[PDB]
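Because the Cβ atoms are built from the backbone with ideal geometry, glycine has one as well, and the counts that use them run over all protein chains shown. Please treat every number below as a calculation from the coordinates, not as lab data.
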Amino acid sequence: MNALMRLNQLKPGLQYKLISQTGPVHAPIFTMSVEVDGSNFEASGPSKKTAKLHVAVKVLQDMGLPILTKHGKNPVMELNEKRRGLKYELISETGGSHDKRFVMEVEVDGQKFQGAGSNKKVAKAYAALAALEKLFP
RNA sequence: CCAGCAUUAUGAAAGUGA
RNA sequence: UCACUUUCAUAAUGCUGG
């Protein structure tokens, strides 16, 4: 329902610009503008985040209402292609502020694999690649 | 700033049907 | 060429924890 979500669904990669910040520090007023379809809209909001919603709203009103495998593919597809339904499992997660390492584990019916990464998605992929490289090719 | 869960849009790969 | 299901990558939004 949000303007920022919708508007960006329809106008990907769009540049919002801050043109002014007025008012006292404890009660700031931000104003953003954007050009779309040749029209420039300007809206203001209490913060930078919202000022944008307010503009995107105004726009919508006008309109109507990476790690890879030799096969050159991500492993987590390949994995699911060969053993459809494999389950992955978070084995370690460390930190909670800046650096965070995750260590997942996928066992192939009989063989198991593990991989660490900064994102869970990444730690998971590495665990796949390893299992794949090691068993299939 | 880092991370997690969820929804929506675009892209790719695998299977089924016409 | 169209529809449905699974997986992944990118983006956006919402909330939570740090």
In whole Hz and in residue order, list the ³J(HN,Hα) couplings for segment A:6-11 that follow from phi through the Karplus curve 6.51 cos²θ - 1.76 cosθ + 1.60, θ = phi - 60°; x for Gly and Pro.
3, 3, 7, 5, 8, 9
Can you give the alpha-carbon Rg of chain A over 2.2 N^0.38 Å, where N counts its residues?
1.62
Any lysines whose Cα falls less than 26 Å from that of A:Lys49, other than same-chain ones fewer than 8 residues away, would be A:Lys11, A:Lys17, A:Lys58
Dividing the helical contributions, -39500 (n - 2.57) per DSSP H run of n ≥ 4, by the residues of chain A yields a 222 nm value, nearest 500 deg cm²/dmol, of -11000 deg cm²/dmol
What ranking of A:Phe136, A:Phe30 emerges when the number of other C-beta atoms within 10 Å of each C-beta is taken as an exposure proxy, fewest first?
A:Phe136, A:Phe30
Inter-label distance, nm, simple model (7 Å from Cα along the C-beta direction), A:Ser47/A:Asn74
3.0 nm
Rounded to the nearest 20 debye, dipole of chain A from Cβ charges on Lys, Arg, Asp, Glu
140 debye
Can you check what the net charge comes to around A:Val76, using other residues whose Cβ is under 11 Å from the Cβ of A:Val76 (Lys, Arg +1; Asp, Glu -1)?
+1
Take the alpha-carbon centre of segment A:1-45, take the same for segment A:58-137, and report the distance between them in whole Å.
36 Å
Of A:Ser92, A:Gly64, A:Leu7, farthest towards positive along the dipole that unit charges on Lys, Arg, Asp, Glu beta carbons give chain A:
A:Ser92
Which value in nm describes the separation of the simple spin-label points at A:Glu81 and A:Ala27, placed 7 Å from the Cα toward the beta carbon?
6.1 nm
